Structures are given as C-alpha cells and as structure tokens.
Amino acid sequence: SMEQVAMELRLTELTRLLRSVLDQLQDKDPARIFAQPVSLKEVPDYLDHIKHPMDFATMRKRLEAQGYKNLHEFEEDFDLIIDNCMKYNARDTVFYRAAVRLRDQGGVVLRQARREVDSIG
Ligand code: NA
C-alpha cells in the first residue's frame, strides 16, 4: 500500500536525522571513550555491574537497520552510555568526568533534534 510506503519514507527520514545526531554526539567524544563496547575480556566483572551495556558502535548498527522508531528510543540508548559509565566508574575518574561532559554537550544537540522531529513531523 501507499500508506505503508509513506510510513517507510518517514522512518527513513528519521533515520537520516538520527545519523546526523549520532555523528554530532560522537564528535563530542574525541578520545573515543564511548565508541566501542567495553570488552568483557578486560573489565571481566563488567556484566555483574552493568545490565545493559551500550556504546556508539552498537547504536550505529541499530540505526543502520532503521531500528529507532522515535527520538525517545535513541535518547534512551544515549542515556545508557552515560549512565552506565557514571555507575561503574568513580566520580574522581577521567571516565566519569568524560560522561558528565558528554551529557552536557549532548543536551544541546538533543534539544534541537527534538524541535526538528516535532517540526518536520
Ligand atoms: Na559508582
């Protein structure tokens, strides 16, 4: 049907917008702290602490399968990246501090993405 096609075109254009958001977020992480999964071969106790690991490469895989149906879903995964880091690592560490700074800088990016998603429909 044409109605199904229109919903597909909408999902594709959301995917386009979320790609640009993901690139912008990732630019706020030049050290690439959040680029790849934590390896269970080097924080071997990681999964006893953190139930839902998340990272930018994992988000990019989901995005390329048009796997985010709305901005809220994408935001949830970004918040997992930040929140997991703030739990596992102490307040005095480079990792925790990098998560704080990414959250603050990412706030700006996400704020405008919400207005664009709402405005375009
Ligand atoms: Na902690």
Side-chain angles (χ1 to χ4, degrees), residues 1-2 4-6 8 11-15 17-40 42-60 62-68 70-110 112-119 121:
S1 76
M2 193 64 204
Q4 288 300 313
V5 164
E8 297 169 359
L11 176 60
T12 297
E13 283 307 298
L14 175 66
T15 301
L17 179 155
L18 299 178
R19 192 163 317 110
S20 156
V21 172
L22 178 67
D23 299 343
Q24 289 181 71
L25 292 172
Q26 182 135 44
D27 287 332
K28 303 315 174 140
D29 182 27
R32 300 188 72 88
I33 292 172
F34 304 108
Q36 296 297 327
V38 169
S39 188
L40 307 182
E42 340 148 300
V43 175
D45 82 350
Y46 197 67
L47 295 188
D48 296 340
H49 294 264
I50 299 291
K51 294 321 189 178
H52 301 111
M54 193 48 55
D55 67 272
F56 289 132
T58 300
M59 296 191 60
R60 198 169 296 275
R62 183 166 166 190
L63 187 61
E64 290 319 316
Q66 296 190 344
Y68 294 113
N70 53 63
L71 173 56
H72 185 76
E73 289 184 351
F74 177 102
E75 292 179 319
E76 281 180 334
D77 272 354
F78 179 61
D79 286 335
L80 274 175
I81 295 180
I82 300 311
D83 290 334
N84 290 348
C85 184
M86 295 174 87
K87 291 177 193 60
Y88 192 85
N89 303 105
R91 184 175 40 268
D92 63 345
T93 64
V94 64
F95 307 98
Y96 181 111
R97 287 159 184 276
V100 171
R101 295 166 53 78
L102 184 58
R103 183 199 65 192
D104 289 345
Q105 298 190 303
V108 189
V109 178
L110 294 171
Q112 205 52 37
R114 169 50 69 194
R115 302 188 62 85
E116 291 176 359
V117 164
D118 282 0
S119 175

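For reference, positions follow the sequence shown, starting with 1.
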Q: Got a second to check how far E8's CD is from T15's OG1, nearest 0.5 Å?
A: 11.5 Å

Q: Over 60° means perpendicular and under 30° means parallel, so classify the ring planes of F74 and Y68, tilted if in between.
A: perpendicular

Q: Work out which heavy atom in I33 is nearest to a heavy atom in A98; give both atom names and the distance.
A: CD1-CB, 3.5 Å

Q: Between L18 and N70, which heavy-atom pair has the shortest distance, and what is it?
A: CD1-O, 4.5 Å

Q: Before accepting this row, confirm whether a basic side-chain N of the pair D23/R19 lies closer than 4.0 Å to the acidic partner's carboxylate O.
A: no

Q: Which heavy atom of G67 sits nearest a heavy atom of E73, and at what distance?
A: O-OE1, 3.7 Å

Q: Looking at side-chain heavy atoms only, is the closest gap between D55 and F34 below 4.5 Å?
A: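 No, side chains not in contact.
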
Q: List the steps and the verdict of side-chain contact (heavy atoms from CB on, under 4.5 Å) for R103 and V100.
A: CA-CA 5 Å; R103 183 199 65 192; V100 171; 3.5 Å; yes

Q: Are any non-hydrogen side-chain atoms of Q26 and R60 less than 4.5 angstrom apart?
A: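 Yes, their side chains come closer than 4.5 Å.
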
Q: Could you report the tightest heavy-atom contact between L25 and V109, atom names first, then the distance?
A: CD2-CB, 4.1 Å

Q: Using atom types as modelled and distance alone, determine if a side-chain donor or acceptor of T58 lies under 3.5 Å from a backbone N or O of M54.
A: no

Q: Tell me the closest heavy-atom pair linking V21 and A113, and the distance in Å.
A: CG2-CB, 3.7 Å

Q: Rounded to the nearest 0.5 Å, what separates atom CE in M59 from atom CD in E64?
A: 12.0 Å

Q: For the pair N84 (side chain) and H52 (backbone), establish whether a donor and an acceptor sit closer than 3.5 Å, ignoring hydrogens and angles.
A: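 Present.
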
Q: If I take atom NZ from residue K87 and atom CD1 from residue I50, how far apart are they, to the nearest 0.5 angstrom?
A: 6.5 Å

Q: Is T93 reaching over with its side chain to a backbone N or O of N89, donor-acceptor style, under 3.5 angstrom?
A: no

Q: Give, for atom CD of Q105 and atom CG of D29, the distance between the pair rounded to the nearest 0.5 Å.
A: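 It comes to 10.0 Å.
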
Q: Could you pull out all residues at least two apart from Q24 that satisfy side chain to side chain donor-acceptor pair (under 3.5 Å)?
A: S20

Q: Less than 4.5 Å apart, any side-chain heavy atom of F56 and any of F78?
A: yes

Q: List the atom of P53, the atom of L47, and the distance in Å for their closest heavy-atom pair.
A: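 Scanning both residues completely, I find the closest heavy atoms to be CG-CD2, 3.6 Å.
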
Q: If the condition is side chain to side chain donor-acceptor pair (under 3.5 Å), which residues does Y88 pass it with, not counting sequence neighbours?
A: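 By the side chain to side chain donor-acceptor pair (under 3.5 Å) rule, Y88 matches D45.
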
Q: I need the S119 OG to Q112 CD distance, nearest 0.5 Å.
A: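 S119 atom OG to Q112 atom CD measures 9.5 Å (nearest 0.5 Å).
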
Q: Measuring only between side-chain heavy atoms, which start at C-beta, is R114 closer than 4.5 Å to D118?
A: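 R114 reaches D118 side chain to side chain.
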
Q: To the nearest 0.5 angstrom, please state how far the CG atom of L102 sits from the CE atom of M86.
A: 10.5 Å

